[PDB]
Every structure is written in structure tokens, then in C-alpha cells.
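Novice: Chains as they are written, first to last, in the entry's author numbering: chain K, 71 to 137; chain 9, 2 to 394; chain S, 3 to 79; chain C, 1 to 203; chain O, 2 to 81.
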Amino acid sequence: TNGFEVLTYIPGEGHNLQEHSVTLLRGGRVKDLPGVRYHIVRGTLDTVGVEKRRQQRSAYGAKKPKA
Amino acid sequence: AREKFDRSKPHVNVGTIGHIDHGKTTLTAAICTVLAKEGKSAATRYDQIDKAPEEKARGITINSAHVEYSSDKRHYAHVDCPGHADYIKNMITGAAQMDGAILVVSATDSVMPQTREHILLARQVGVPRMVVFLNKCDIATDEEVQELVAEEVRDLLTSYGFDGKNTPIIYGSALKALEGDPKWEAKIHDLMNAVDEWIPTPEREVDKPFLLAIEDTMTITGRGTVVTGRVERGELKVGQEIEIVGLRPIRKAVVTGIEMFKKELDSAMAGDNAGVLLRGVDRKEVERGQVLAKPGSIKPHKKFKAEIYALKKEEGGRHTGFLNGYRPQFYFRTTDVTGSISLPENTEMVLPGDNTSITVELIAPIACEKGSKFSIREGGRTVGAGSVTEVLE
Amino acid sequence: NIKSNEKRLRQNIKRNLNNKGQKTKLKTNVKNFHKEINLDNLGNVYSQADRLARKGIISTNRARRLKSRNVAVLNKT
Amino acid sequence: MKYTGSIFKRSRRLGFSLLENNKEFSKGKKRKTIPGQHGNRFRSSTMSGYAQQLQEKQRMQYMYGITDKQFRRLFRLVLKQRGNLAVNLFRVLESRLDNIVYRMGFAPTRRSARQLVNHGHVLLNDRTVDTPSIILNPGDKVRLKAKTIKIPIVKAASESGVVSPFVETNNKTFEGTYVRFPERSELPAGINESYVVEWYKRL
Amino acid sequence: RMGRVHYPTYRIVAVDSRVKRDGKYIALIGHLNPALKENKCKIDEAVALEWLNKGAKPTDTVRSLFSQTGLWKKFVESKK
RNA sequence: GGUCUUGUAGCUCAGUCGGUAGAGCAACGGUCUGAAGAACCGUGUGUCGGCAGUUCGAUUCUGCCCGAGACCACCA
RNA sequence: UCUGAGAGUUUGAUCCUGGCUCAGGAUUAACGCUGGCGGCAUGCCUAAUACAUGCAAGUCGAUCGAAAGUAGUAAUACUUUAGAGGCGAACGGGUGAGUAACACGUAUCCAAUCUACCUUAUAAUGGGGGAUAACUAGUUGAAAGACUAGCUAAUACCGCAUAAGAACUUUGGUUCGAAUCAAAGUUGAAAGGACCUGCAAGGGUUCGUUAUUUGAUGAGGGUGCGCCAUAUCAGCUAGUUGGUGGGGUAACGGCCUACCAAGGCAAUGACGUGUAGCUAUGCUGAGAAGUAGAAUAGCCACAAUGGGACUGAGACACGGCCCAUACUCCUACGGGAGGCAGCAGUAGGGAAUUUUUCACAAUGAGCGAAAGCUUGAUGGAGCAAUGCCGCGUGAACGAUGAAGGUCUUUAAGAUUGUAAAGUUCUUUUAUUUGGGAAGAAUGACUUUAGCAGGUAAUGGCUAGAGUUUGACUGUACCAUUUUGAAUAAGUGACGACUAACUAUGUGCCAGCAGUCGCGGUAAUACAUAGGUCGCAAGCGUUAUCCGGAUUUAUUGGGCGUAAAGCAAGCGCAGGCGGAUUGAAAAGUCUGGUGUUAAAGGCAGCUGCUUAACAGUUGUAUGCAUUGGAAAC
Numbered sequence: 071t072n073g074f075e076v077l078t079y080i081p082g083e084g085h086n087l088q089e090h091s092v093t094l095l096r097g098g099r100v101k102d103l104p105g106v107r108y109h110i111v112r113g114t115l116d117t118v119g120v121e122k123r124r125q126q127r128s129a130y131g132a133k134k135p136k137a
Numbered sequence: 002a003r004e005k006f007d008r009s010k011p012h013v014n015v016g017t018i019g020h021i022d023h024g025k026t027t028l029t030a031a032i033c034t035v036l037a038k039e040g041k042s043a044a045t046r047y048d049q050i051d052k053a054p055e056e057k058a059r060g061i062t063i064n065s066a067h068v069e070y071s072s073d074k075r076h077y078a079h080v081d082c083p084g085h086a087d088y089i090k091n092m093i094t095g096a097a098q099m100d101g102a103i104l105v106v107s108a109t110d111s112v113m114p115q116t117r118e119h120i121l122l123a124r125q126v127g128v129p130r131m132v133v134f135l136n137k138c139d140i141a142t143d144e145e146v147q148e149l150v151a152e153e154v155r156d157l158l159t160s161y162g163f164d165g166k167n168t169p170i171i172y173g174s175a176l177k178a179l180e181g182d183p184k185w186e187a188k189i190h191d192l193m194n195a196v197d198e199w200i201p202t203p204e205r206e207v208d209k210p211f212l213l214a215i216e217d218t219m220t221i222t223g224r225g226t227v228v229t230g231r232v233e234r235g236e237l238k239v240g241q242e243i244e245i246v247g248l249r250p251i252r253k254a255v256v257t258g259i260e261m262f263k264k265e266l267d268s269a270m271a272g273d274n275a276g277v278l279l280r281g282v283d284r285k286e287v288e289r290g291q292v293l294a295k296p297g298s299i300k301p302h303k304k305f306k307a308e309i310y311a312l313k314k315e316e317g318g319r320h321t322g323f324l325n326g327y328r329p330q331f332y333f334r335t336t337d338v339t340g341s342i343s344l345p346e347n348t349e350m351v352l353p354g355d356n357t358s359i360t361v362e363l364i365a366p367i368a369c370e371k372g373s374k375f376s377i378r379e380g381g382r383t384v385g386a387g388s389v390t391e392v393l394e
Numbered sequence: 003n004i005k006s007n008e009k010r011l012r013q014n015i016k017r018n019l020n021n022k023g024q025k026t027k028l029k030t031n032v033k034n035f036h037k038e039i040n041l042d043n044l045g046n047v048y049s050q051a052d053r054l055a056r057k058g059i060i061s062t063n064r065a066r067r068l069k070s071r072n073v074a075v076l077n078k079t
Numbered sequence: 001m002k003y004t005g006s007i008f009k010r011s012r013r014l015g016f017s018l019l020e021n022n023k024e025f026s027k028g029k030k031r032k033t034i035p036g037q038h039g040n041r042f043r044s045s046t047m048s049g050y051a052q053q054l055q056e057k058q059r060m061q062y063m064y065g066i067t068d069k070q071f072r073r074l075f076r077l078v079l080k081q082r083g084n085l086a087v088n089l090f091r092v093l094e095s096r097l098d099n100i101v102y103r104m105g106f107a108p109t110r111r112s113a114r115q116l117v118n119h120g121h122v123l124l125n126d127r128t129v130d131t132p133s134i135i136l137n138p139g140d141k142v143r144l145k146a147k148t149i150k151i152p153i154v155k156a157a158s159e160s161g162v163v164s165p166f167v168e169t170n171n172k173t174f175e176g177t178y179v180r181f182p183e184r185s186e187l188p189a190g191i192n193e194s195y196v197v198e199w200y201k202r203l
Numbered sequence: 002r003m004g005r006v007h008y009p010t011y012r013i014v015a016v017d018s019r020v021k022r023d024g025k026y027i028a029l030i031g032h033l034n035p036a037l038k039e040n041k042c043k044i045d046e047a048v049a050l051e052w053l054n055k056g057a058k059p060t061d062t063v064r065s066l067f068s069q070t071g072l073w074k075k076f077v078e079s080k081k
């Protein structure tokens with residue numbers, strides 16, 4: 071919402087991204103790429119979960135799953 | 002007080018068929034015009050058809066108009082449903098939630114394909130024993146032509162099977178009714194005397210949880226968002242625990258206001274036109290085509306099995322039948338849902354006739370009520386209308 | 003609003019017109035003494051400002067201030 | 001968390017008995033292999049000061065069932081006074097209700113005890129309970145409730161539960177008392193204070 | 002009131018009868034919790050008369066314990 | 001609620017007074033490579049958004065809808 | 001007596017400097033993820049943006065004219081105040097925009113300040129008069145409103161009188177930038193009511209009034225003090241500095257006017273800069289301190305903007321008035337309204353922020369003799385896993401161990417797992433039935449008695465009665481009160497750092513990814529499956545304040561080789577001073593004096609079934625003082 075533009079991490083296997091859509095950022099440092107500082111969440115404001123992250127459900131947008 | 006609207010008679014959700022501006026809209030105006038002259042809860046209308054920017058001057062309306070006009074004999078949820086290019090959706094889906102239907106025909110402006118579509122669907126969902134009124138008799142020479150137009154409008158109704166010669170054609174001039182001649186007042190009075198007979202007032206029990214066909218929304222100055230619609234079942238009461246059902250995820254909410262067309266209700270019973278200010282909502286959250294319900298009730302759905310008899314082309318089908326990749330619109334009281342097509346076994350295309358048992362999923366989770374006599378059209382032509390059969394996901 | 007700042011104005015406007023008239027009737031006396039520097043105008047303005055210093059229309063503080071500064075002048079003889 | 005649901009599992013790992021020994025004796029050749037899918041022959045090579053203090057905390061609480069924040073606030077309560085408060089806090093821990101019920105010869109089960117206290121079928125000094133977290137003084141009286149003073153379950157539990165000599169009960173009356181301040185010798189010689197007591201300053 | 006809701010409490014204080022409570026006060030005089038009205042009074046009762054000899058007006062509440070002080074029966078000497 | 005606009009191969013996009021699936025990258029056999037680049041052709045896939053007439057035809061003409069992109073209707 | 005834990009991280013390997021990461025708490029927290037209760041507490045970071053509605057300050061015929069009306073035949077009784085007139089309107093809530101200041105706080109003085117209203121003390125309440133709002137008529141226009149006139153009240157306005165006193169001038173006498181006083185002059189109070197009494201006369205009570213005169217209170221000011229970054233900010237300043245004459249405040253002040261002099265300030269840092277409400281306090285640390293000044297408390301400001309002015313005790317006033325206006329809105333086009341930083345409520349925004357909730361019960365504020373009445377103060381109630389506390393999701397029995405995951409891949413054996421099944425039992429809660437709170441033991445009010453001048457009692461003082469006060473409540477609380485194991489775990493991680501491994505797939509891709517780091521094809525670092533290990537109606541994410549970070553080192557660091565001793569020197573100031581004498585005695589510390597709030601800390605406990613807490617008791621800091629000291 072400010073005039074600043076930043077790189078960020080497409081979380082995990084895949085994406086739910088629509089290229090000019092709004093979502094929420096995320097903490098986390100990536101030591102694989104230099105000068106990069108930020109992460110951004112899935113399943114948020116347009117996206118739809120990390121799919122079949124059947125061992126983890128926090129901050130994915132992946133709900134507490136049914137059996 | 003907000004002129005809390007009194008109910009001293011069972012309310013009926015009425016509507017109108019034919020086509021607007023033939024005297025139809027002017028009937029909606031004049032019946033009220035003469036009303037406040039001799040009627041309670043029965044104000045006078047001349048030009049109050051409208052409450053929207055850009056809608057005044059054009060003379061052909063986009064949106065439908067829910068109003069309240071009563072008498073000493075009947076109150077009416079009078080809805081100005083347009084039948085127009087891109088706007089017949091306003092009238093079509095209305096025929097369901099209008100518990101009555103007055104056919105307006107003009108002594109100046111001929112029956113349109115609008116009237117044909119209207120009567121078609123009115124029979125298809127199923128409503129018996131209509132009444133018709135000849136409007137715009139303000140120009141002379143109506144003694145005997147009102148016989149030939151009578152036989153052709155009875156032919157018009159007999160294409161689907163309402164009451165025929167048992168329904169009467171009251172004649173009258175909306176212009177000489179809007180102006181106020183007592184002999185001409187007697188024309189709308191005979192309209193009334195033949196309406197309350199052969200049209201009942203459907204008593205819907207006030208104990209079913211709730212359901213509402215949503216018609217419009219407003220976020221009133223400084224209190225928040227009010228949402229108006231037609232109560233289907235039961236009462237709506239204090240702070241009521243509610244969930245907005247259909248087409249969307251489920252939302253529980255608490256009310257913050259109620260009116261019947263800017264006139265409060267002490268008890269929004271079944272069949273009422275309720276406009277509820279809510280605790281913290283927005284108009285953008287609620288569109289045309291949505292539903293509401295007291296929870297513990299019908300929940301949203303997509304898939305279903307539908308035993309249906311299909312409208313032949315003569316009943317207004319498509320110039321050619323419909324396949325399985327087909328994408329029609331099923332008419333769920335408030336909305337026209339584009340759905341899949343999986344006809345029953347022993348039907349690849351549903352030719353004229355063909356009482357099928359199709360199975361279909363819908364693009365959004367809609368609260369499905371079994372037996373809901375919903376309709377199906379596409380391209381501007383009607384192919385399906387009937388009651389729900391088997392609840393699936 | 004309030005019931006009683008509106009009627010407060012309604013009541014006090016005229017009383018303050020009266021204040022204007024009166025306090026002018028004494029400012030003129032001030033001037034006169036500045037010409038009529040004598041015990042007569044002294045007592046005259048004494049008597050007069052007696053009404054107002056007693057009231058709020060003058061304070062005994064400012065009344066005494068002025069009258070003392072003036073009697074200092076008249077003490078010239 | 002409130003209720004565990006299985007305790008012999010915990011012993012499997014810990015190799016400890018909530019009782020003297022009889023937590024795991026013989027169920028067709030009782031076998032205290034730690035639980036799971038990863039060890040039969042695999043012997044200790046991952047023990048740490050961190051891990052040992054973990055284990056000791058477990059052993060203590062796994063016999064006593066003390067959730068996080070309540071345990072911490074017990075610690076903190078006892079922090080306020082001054083002295084060699086270690087044994088003091090330990091006694092207080094025992095002066096938990098379910099603890100005293102278990103140690104009264106009347107609860108053969110702390111899982112009994114706490115359940116019973118949370119249902120409050122025990123009639124105390126001018127007040128009933130539904131909370132298993134009250135603390136006693138040396139010489140505090142305890143009585144049952146007529147509701148349960150007939151239950152064969154209760155009559156066998158009161159007949160035999162864990163008993164301290166420093167508590168007493170007239171079974172004739174079923175009425176007893178947390179008699180006196182006991183001694184550490186009268187307490188399980190297994191757990192370590194130093195670790196947990198130094199562990200707890202985290203807030 | 003102070004204390005947790007469903008258990009009010011009110012320390013008894015000398016404060017101006019015009020400016021808010023918890024504002025600036027004249028003096029504090031013990032405390033009686035208005036929950037139980039049996040007794041919790043631990044008042045000085047000296048600085049009260051100190052105030053009173055040079056002007057003060059209490060609240061109706063205090064007239065109860067004033068009757069329990071018979072405050073008249075001692076301040077009448079001043080008015081005597 | 002409709003409309004203004006988007007729908008094509010794997011992505012995106014082309015579509016002679018309609019004629020099919022056509023461009024860029026994906027894409028990998030084979031070349032190289034201190035190792036793999038960058039770099040050379042390969043490739044191939046194609047219901048051309050989903051349904052309705054239709055000429056040696058409806059993907060192009062259109063009818064309807066779906067949803068991606070903009071507006072018209074709170075509300076003197 | 002308080003009271004402080006470290007883990008790793010540069011290589012072939014070592015040592016050492018260093019960082020770096022990790023390992024904690026804190027939140028107004030927000031996210032995911034799901035989410036029982038009970039309690040306790042809180043709940044727009046945003047725009048001092050826009051804002052329907054209500055509410056958020058009225059009282060007072062016992063202050064009155066009049067108005068209106070009622071009962072009564074009337075006479076009158078009786079009612080309601082639109083109007084007058086008085087007090088409350090400067091309380092309060094919000095907001096902190098804003099400011100670098102005497103602001104905040106602290107010490108302080110006010111020989112230079114005010115303080116309507118109690119308290120102290122009394123002097124009294126004498127003589128008139130004029131007046132209109134109201135009401136009326138008519139004008140005026142749709143309105144906004146305005147305008148002209150007929151008639152009145154009052155404790156509503158002006159004089160008349162006295163004036164204890166008081167205030168002043170004036171001479172004298174007082175005293176350590178003042179007072180006490182002797183003497184002249186000047187000059188000033190109101191109003192009636194009720195109630196009792198008495199034929200009256202007159203008194204008496206009492207409401208109210210006028211003055212002195214205390215208090216008490218605030219307000220105001222002053223000041224040291226201490227209270228951000230900024231030297232990649234050094235000259236600055238003209239009522240400005242100083243003096244008069246005058247205005248002049250509430251009072252002191254160029255505070256202002258004139259007038260007369262040129263002065264005043266500075267690197268021990270002006271000016272300049274960014275930020276900003278403050279204080280108690282809030283968390284983190286062992287602390288100094290960091291850290292912020294969530295919430296709250298007290299000081300100060302602010303009310304749409306920018307101006308005014310009355311008003312009184314007080315505003316240039318957040319629901320005052322007027323002005324220029326922003327801008328919305330109304331109008332007929334002639335004119336106007338408005339200002340939520342009062343409440344909830346909405347819109348905008350955000351990641352987001354509870355009900356357009358009830359009560360005068362209680363507290364309270366006010367006004368009212370009296371009843372009273374209000375009171376989006378106040379108390380409540382409600383949403384929310386926002387925090388915190390308490391507490392669920394059954395107790396025992398019960399296996400070579402159910403099936404079955406899972407493996408081993410051996411076909412076993414185990415795990416899963418008393419966990420299961422199965423029984424005995426269990427009912428807080430789910431769920432009955434009812435009892436059934438205090439809070440009101442206040443307070444008015446009428447009696448009762450007693451008290452007291454006044455006696456002529458009214459009226460004023462003590463004790464009893466009951467009239468009676470509730471949103472809460474019905475609930476709280478209780479009832480071997482019914483049924484009923486019924487009514488109820490998700491969550492994370494498992495290479496090392498640092499707890500937690502089997503299997504698959506897969507092979508530097510996919511991806512993990514606080515740090516070292518795992519993936520280029522046999523993954524205890526990917527993902528899933530199982531298991532393990534973690535917490536639990538929560539669990540994780542993220543943020544930041546700090547711990548660790550003594551990671552600037554007064555505490556508690558150095559300057560040879562890991563930056564680190566400027567080339568050197570002179571060098572004012574400054575910092576830093578040999579010894580024994582004396583005096584002073586600043587610091588210095590002690591001893592005493594008051595202050596440094598509440599709250600909260602800390603400790604003591606009462607009530608919290610234990611709780612959180614709330615209270616309860618004190619505690620301490622420093623300031624300022626008194627008293628020493630002679631050690632430095």
C-alpha cells in the first residue's frame with residue numbers, strides 16, 4: 071500500500087498467484103539467494119493454501135484438515 | 002417512531018405480468034393514487050416508481066421496485082418487476098416470489114412477448130387462477146373491442162393452463178384512474194373486487210426458522226448496512242442469530258434494524274418484505290441472488306439430482322436442444338445459476354418433453370431446498386422449470 | 003445546545019447593554035476628573051464606582067488601584 | 001493440557017513407576033520398551049543436560065500432572081517467601097488436593113483423585129470444590145460426601161489407596177487430615193530440585 | 002467503585018464535591034467496602050474535624066457513620 | 001444484477017469477403033562444458049474458454065453463460 | 001540479604017580478535033489453525049478524516065407576572081409553565097493535533113497574586129422610583145427570521161437614607177523593599193419570602209439578601225532543578241537589552257505606551273534542524289540501566305480552520321455568541337444550518353479493532369427549602385481465545401497386547417497399547433426441578449421519644465419505627481434435584497546447533513531453509529505416511545522492547561603483530577596537584593523536619609474452594625530543611 075516494491079518468496083511447492091493480486095507478506099530469511107530478505111504467504115487474499123501439506127497447517131491457509 | 006408498519010391483515014407477496022409502461026407501471030402508480038383517497042396503509046403514488054440515479058427519465062426500468070400498498074381488504078408487496086433487454090431477469094425470477102400475479106394488459110399497448118414469457122413461467126412454477134385487468138382505456142372505443150382482446154388474452158392464458166373464462170378481464174383506464182373519476186374509480190374497484198376473489202392470501206407459518214430471497218441492500222447513513230428481501234418462512238426477531246446462506250460461505254450475524262420499505266415491523270413474520278440493518282455488514286458483501294436463514298437449517302450446496310420435465314421449444318426452449326457440456330441457468334428464487342449438465346441415464350439431449358432426472362453441480366455453494374419449483378432458461382428462452390428432487394453436495 | 007446558555011444570552015444581552023451605558027457614565031467621569039482634578043469629582047467618582055466595585059461591574063482591586071493612582075495625582079498641592 | 005489418557009506409555013519411555021514398582025510388572029512378560037517405532041536395541045547416546053532436565057521435569061510432573069502455567073505460578077508463589085524453600089514447595093506440591101487424596105489411602109489413583117475433586121464429592125472445611133488445586137496446612141481436615149460415601153468403588157478406594165504416615169484418616173468416619181509437615185525422606189527420592197529450580201526463571 | 006466486578010470496593014476519601022473522584026483529593030480517611038455494610042471502618046476521625054472547623058460538606062452516604070460518630074455531638078462545640 | 005473488456009498449443013498470444021491451429025519462450029535427443037552455462041537445430045502438444053445454427057463449416061458471423069479485466073443502480 | 005546459565009558460528013587442524021546467529025521474556029499485539037467453560041482484565045496503530053440518531057446538564061411558582069386550565073355554585077382551591085429571574089453552564093468526556101518549554105516534575109517564594117460558593121467574626125437588612133420579557137395587536141417572508149406598537153411582575157434596572165465596618169487620601173506613632181496604631185478628609189447594604197406567633201401592636205422562627213472577617217481552596221506567576229536528536233547547525237538579538245513618564249493586570253513583569261540610553265546572549269553551543277504531550281509509571285535485566293512513556297491515575301493543551309468579544313468566580317468556551325472562511329447540506333435563491341478529539345453507530349483506512357445495550361440501585365454532579373429530577377458520568381449487561389486465572393473433554397478394574405498402521409520386509413516380533421474392547425462406577429459441566437442473595441444494613445419521609453436557646457412555639461440536636469428504593473437477579477448461592485461417559489484436541493517439531501525416527505517417493509529439481517547448513521538419483525535436514533518428541537483451547541507465524549549483547553567497557557574494554565599512540569613539539573583554558581599549620585566546613589555522611597500522589601513495587605494479611613486480583617498495613621527514593629561533624 072506504500073510506493074515501495076520488493077522481492078519475496080512464492081511459498082513452497084507451487085503457487086496460487088495471479089500477477090497483480092493482493093496478499094500478505096511473511097517473515098523468514100533465505101540464505102540460498104543473496105540480497106533477498108522477505109517471504110510471502112499462500113492461501114491469503116487471493117491464493118489457496120499449500121496443497122496437501124498434510125503435516126502442517128499454520129500460516130498456509132491450509133485448514134485443519136478432515137481425515 | 003419510524004412509522005412502524007402495522008399488519009392488520011395477512012400479507013401477500015404479489016407481482017405483475019404483461020410488460021411495463023403499458024399502463025403496468027402506471028397501474029402500480031394509479032392503484033395507489035386512488036388508494037390514499039379512500040384507503041389506509043394505502044398511500045397515493047403519481048411518480049414514486051423510482052429511487053435511483055439515472056432511472057427517472059428513461060421510461061424503461063432496470064431494477065425492480067418493492068413497495069407496500071394495502072387496502073381495507075388486502076395488503077400487497079407490489080413489485081415493479083421490469084421485463085426488458087437484460088432486465089427480464091427482474092421479472093422472470095420475480096414470478097416465483099410474487100405469491101400473486103396480476104396480468105396488466107393495455108387498451109393502448111398490445112400484449113408483448115413479455116406477457117407470453119410471463120404467463121409461460123407463471124404456469125411453469127405453478128400458480129393457479131390469475132386475474133387480468135385491461136389498462137389504458139383512456140382512449141375511447143372500448144365497448145366491443147374489449148371482447149376480441151378478451152378472447153385473445155384468454156387464448157394467451159390457455160397456452161399454459163390457468164383459469165380461462167372464469168378469470169375476468171376488468172377494464173379500466175389508468176389515466177382516468179390516476180386523474181380520479183368516480184365511475185373510473187369504480188373500474189379499479191372492480192379490479193379489486195375481482196382480485197380478492199380468485200386470488201387468496203397465502204398464510205405462511207411463522208415457525209419455520211427463516212429464509213429470504215434477497216432483493217436489494219443499502220448502508221444507511223451512520224448506522225450501517227440494511228439488507229432487504231422477501232421473508233420466505235418464519236419470523237425474524239430480536240438480535241436473531243442468522244446465517245447468510247447460498248452461493249458463499251456461511252456467516253452468522255445479529256440484526257441492528259428492521260423495516261418494511263422504510264416502515265418498521267414489530268414482527269417480520271413469514272412472507273414479509275423485511276429490510277434488516279445488521280451488526281456490521283456491507284452491501285458489497287450481499288448481491289442479488291443470495292439467501293439468508295436462521296441457522297440449524299438448509300445449508301449451501303452445489304451437486305444435486307433433478308427429476309425434471311423439460312420445456313419443449315413451443316414452451317419457449319432453444320432453437321436446438323442442449324448437450325452435456327451445456328451450461329444453463331437454474332432459477333433458484335433469487336438467482337440464475339450457471340450449472341453443469343449431467344442428464345439422467347437414457348437422455349443425452351433432452352428433446353421436447355422428456356421428463357428427465359438430470360444431475361447437476363453448481364459453481365457456488367447454494368442452500369438447496371427440496372421441492373423448490375425452480376426454473377431453467379438460456380439464450381433468452383425457457384427449457385426447464387420444476388421442483389427439486391434429490392439433495393447432493 | 004443547552005437550555006441555559008441560550009437564555010443566558012437572552013437575559014444578559016440587555017444587562018450588558020446596561021453595563022455599557024453605566025461603565026461609560028463612569029469613564030466619562032474619569033475624563034472629567036482628568037480635567038476636574040478636585041475632591042468633588044473624587045467623591046463623585048468614589049460614590050459612583052461604589053456601585054460597581056460592590057458589584058462585579060468594578061472590582062475593589064481595580065477600583066482601589068485607579069482611585070489611589072488618581073488621589074496620588076490630586077495630592078499634588 | 002488437562003488429562004493424559006495413557007500413563008504406562010510414559011513409563012515405557014521413562015522406565016519409571018508412578019507406584020513403587022507396580023506400574024509395569026507383568027502383563028504377559030511386561031516389557032518397558034520405550035514407545036514408538038524406532039527402538040528395541042538402540043541404547044542411550046543422545047542424553048544431554050538439556051535432555052536430562054527435560055526428563056526430570058517429565059518424571060516429576062508425569063507422576064504429578066502439572067500443566068505449564070499452573071506449575072509455573074506454583075513455583076512463583078513459593079518464590080515470594082524466603083529460605084531453603086525447595087522442600088517447602090515440594091510439600092506444597094503434595095498439598096495439592098488430588099495428591100493428598102492419592103496419599104490418603106483413599107485414592108488408589110491420582111486420576112481418580114483429581115476426577116473426584118473436580119466433581120467435588122468431598123466435603124471440606126466449610127466449602128466444597130470442583131477445582132483440584134487447593135493447598136493445605138499441617139493439620140487440615142477432609143471429609144467425603146454422603147453421595148459417594150457408599151460407593152463400592154469409593155469403599156474400595158478408601159479401603160486402599162496410597163497412604164502417608166504423616167496423614168491420617170478415621171475410616172470409621174472416612175474423615176482424615178493432612179496432619180503435619182512431612183519430610184523429604186517421606187517423598188520419592190528420585191526427582192532433582194536443582195535442575196528445575198534453576199530452570200525456572202524464564203519469564 | 003474499585004475491586005473486581007461483582008465485588009465493588011470504595012476507599013473513603015476527602016475530595017472536593019465538585020471535581021471528579023480519582024482526581025485530586027483533600028485527604029483519605031480509612032476505607033469501608035460498600036459490599037458488606039457491617040463495619041470495615043478504620044478512619045482517623047481527627048483530620049475530618051480539622052477540615053470541618055473551617056468548612057466542609059459531606060455526602061449523604063457519610064451521614065450514616067456521622068450518626069455513628071454523632072458528629073454533631075462534637076462539632077456543636079465549634080458552633081457553640 | 002448486466003454491461004465495457006479476457007479466454008488459442010505447455011504459457012501467452014495468429015486466426016485469406018471464416019477455410020487451420022500460426023508466431024516467442026517452456027521443451028528435450030543429439031554438440032560442447034574443469035561441471036554445467038550462455039550458445040545449435042531438435043522436440044512435441046493444439047476440441048483455438050465452456051454451449052447453440054451454420055456455406056464443400058460456427059474457432060472466427062453471431063445468441064446465451066461462466067469466470068479473469070472496467071463501469072450503471074445505497075442514498076435530496 | 002538481595003543476587004548474573006550461555007550454544008554455536010572464520011580452518012587442513014590449533015590458538016587468539018571480532019562480529020554473526022541462536023537460546024528469554026514483553027505486546028494494544030496481528031496471522032494461520034482450530035477452539036469448552038468459569039472467572040479476571042482489555043479491546044480502531046489509521047484519518048486533530050467524514051459523519052443520520054439519541055444520548056452526553058439541568059435545576060429551581062416554595063422567586064414571580066402572566067399564560068393556560070381544572071375542581072368548586074361561586075368564592076376560591078388546585079394544576080402547567082411559554083415568559084421572567086437564580087444557580088449549575090469553565091463540572092465533565094474525548095482528544096494530545098500541537099509544542100524543545102519552566103512544559104513536565106521538583107523545590108520554592110510570592111515585601112507583588114486572585115480565589116462566587118463553606119468556615120471565623122460580626123454590621124444589617126431603612127426610602128423610593130422606573131421597567132419590560134411575557135401577553136397583546138399589527139408588519140414581515142415559504143422559511144430563516146425580522147419589524148411596529150397597547151399592557152405588567154418581581155429579590156429584574158437607576159437614584160434616597162444610614163452606614164459597625166471597610167476602602168482610600170492625609171499627619172503622627174510600628175517594625176526588619178512591612179506592620180501595628182493615634183489624629184483629618186473622601187467614599188459605600190440589602191429584599192423580599194416562608195413559617196410561627198400574636199385581635200392588633202409586635203415579636204419569633206426561617207428562606208434569602210447586603211459588609212466586614214477568617215479560614216480553606218484553587219487559579220496565576222516566578223524561579224533552581226532535571227527533564228530528545230541535531231557542530232554535515234556559530235555569531236545571534238531591536239521592546240529587543242537598560243532607565244524614566246504613563247497605561248496597565250487579579251497581581252509582578254515592556255507586559256504594553258511614549259520617552260530616554262544600546263544594549264542582551266552565546267560554543268560550559270546560540271541559532272538551526274527532526275520529534276514530541278508530560279509526570280507516577282509500563283515491561284527486560286542482578287542492577288545500574290535499557291526499554292517505552294499500552295491501560296489507568298495527577299499537570300498542561302485542543303476542540304473544523306483562523307479571529308473577536310461578553311459572561312461571571314471564571315472562556316475568547318469541545319453540545320456559548322458574533323466574524324472571514326474550509327467544506328457538506330437545506331432554500332424559493334431572496335437566505336441559512338453544521339461542526340462527535342460526548343456516547344455508542346456508520347463511512348475511509350488499515351491487519352484489524354466490542355452494543356446505534358440496561359440501571360439511577362449504588363457512587364456521583366448539579367440544582368432544587370420539599371418532593372424532586374436528571375445524570376451515552378456512574379454502575380451494569382453484552383461481542384471477542386485479546387490477555388490472565390480457574391477448569392473440561394470421565395474414575396478403577398481391565399492383554400503375551402483386540403483388530404489394525406507400521407515395520408521388520410525372515411511371514412516371527414514389536415509398536416501402536418490399559419491406550420483398546422469388556423465390566424464396576426461418574427456427573428462439575430451437557431442436562432433436570434425448584435429454593436433463592438446481600439448489595440438499600442445508604443438516603444431521603446412521616447411519625448416516636450428525648451435535646452436545645454426560644455419560649456410563644458414553630459424551627460435547630462440525639463435515638464426507634466416504617467414509607468422505601470436493583471439494570472443487575474431470574475442470576476450469585478444452594479438444593480444424595482433428573483437424565484446423561486455422557487457434553488468436548490488441535491497444534492508444532494524431530495541433522496547439528498537444541499527435545500523428538502521408521503517407510504515411501506524423490507534426487508542441487510522439487511523443495512527445507514533462526515544460524516552451521518540439507519537436494520546434483522540408497523534424504524533420522526524435501527514432501528507425505530506412520531511413529532517419536534511439544535504445548536494445549538490452544539498451537540504454531542510474523543512483528544517489535546529488552547535479556548542474553550559486559551555487542552561503548554563509570555560499573556564493565558582497549559590501542560606492538562587481529563582497526564586501533566594522529567610526525568613531532570609548543571601550547572591557554574581545562575583535566576589532573578608534594579608534604580606538616582590553622583581557620584573556615586561547601587561537598588561528604590550522619591542525625592532530625594516536611595514533601596516527593598494515588599496507583600503500582602516490595603513485604604503483612606482478609607476475601608478470593610487456589611487463584612488472577614482487589615483491598616488491607618507499612619516500606620523505601622530524592623528534594624527542601626534543622627542539627628552536627630572535621631575524615632577526606
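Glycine included, C-beta positions come from ideal geometry on N, C-alpha and C.
Which class does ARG114 (chain C) belong to by DSSP, given the choice of helix, strand or coil?
Specialist: Of the three classes helix, strand and coil, the one that applies to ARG114 (chain C) here is helix, per DSSP.
Novice: Quick check on the DSSP output: the alpha helix (DSSP H) that includes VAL232 (chain 9) runs from which residue to which?
Specialist: First-last for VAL232 (chain 9): 225 to 234, but that is the beta strand (DSSP E), not the alpha helix (DSSP H).
Novice: Pick out whichever of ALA31 (chain 9), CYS82 (chain 9), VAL126 (chain 9) and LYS263 (chain 9) has its Cα sitting closest to the Cα of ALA311 (chain 9).
Specialist: Of the candidates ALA31 (chain 9), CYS82 (chain 9), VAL126 (chain 9) and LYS263 (chain 9), the one whose C-alpha sits nearest the C-alpha of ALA311 (chain 9) is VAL126 (chain 9).
Novice: Can you check whether the CB of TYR161 (chain 9) is closer than 9 Å to the CB of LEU121 (chain 9)?
Specialist: Their beta carbons are under 9 Å apart, which means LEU121 (chain 9) touches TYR161 (chain 9) by this criterion.
Novice: Identify every residue that forms a DSSP beta bridge with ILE120 (chain 9).
Specialist: According to DSSP, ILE120 (chain 9) bridges with nothing at all.
Novice: Taking the Cβ atom as the reference point for each residue, do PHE305 (chain 9) and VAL389 (chain 9) lie within a distance shorter than 9 Å?
Specialist: Yes, the pair counts as a contact, with Cβ atoms nearer than the cut-off.
Novice: Can you tell me which of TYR8 (chain O), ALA28 (chain O) and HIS7 (chain O) puts its alpha carbon nearest to the alpha carbon of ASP17 (chain O)?
Specialist: Nearest of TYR8 (chain O), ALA28 (chain O) and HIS7 (chain O) to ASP17 (chain O), Cα basis: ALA28 (chain O).
Novice: Do you know offhand how far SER6 (chain C)'s Cα is from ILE259 (chain 9)'s?
Specialist: Their Cα atoms are separated by approximately 55 Å.
Novice: Could you have a look at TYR26 (chain O) and say whether DSSP puts it in helix, strand or coil?
Specialist: Of the three classes helix, strand and coil, the one that applies to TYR26 (chain O) here is strand, per DSSP.
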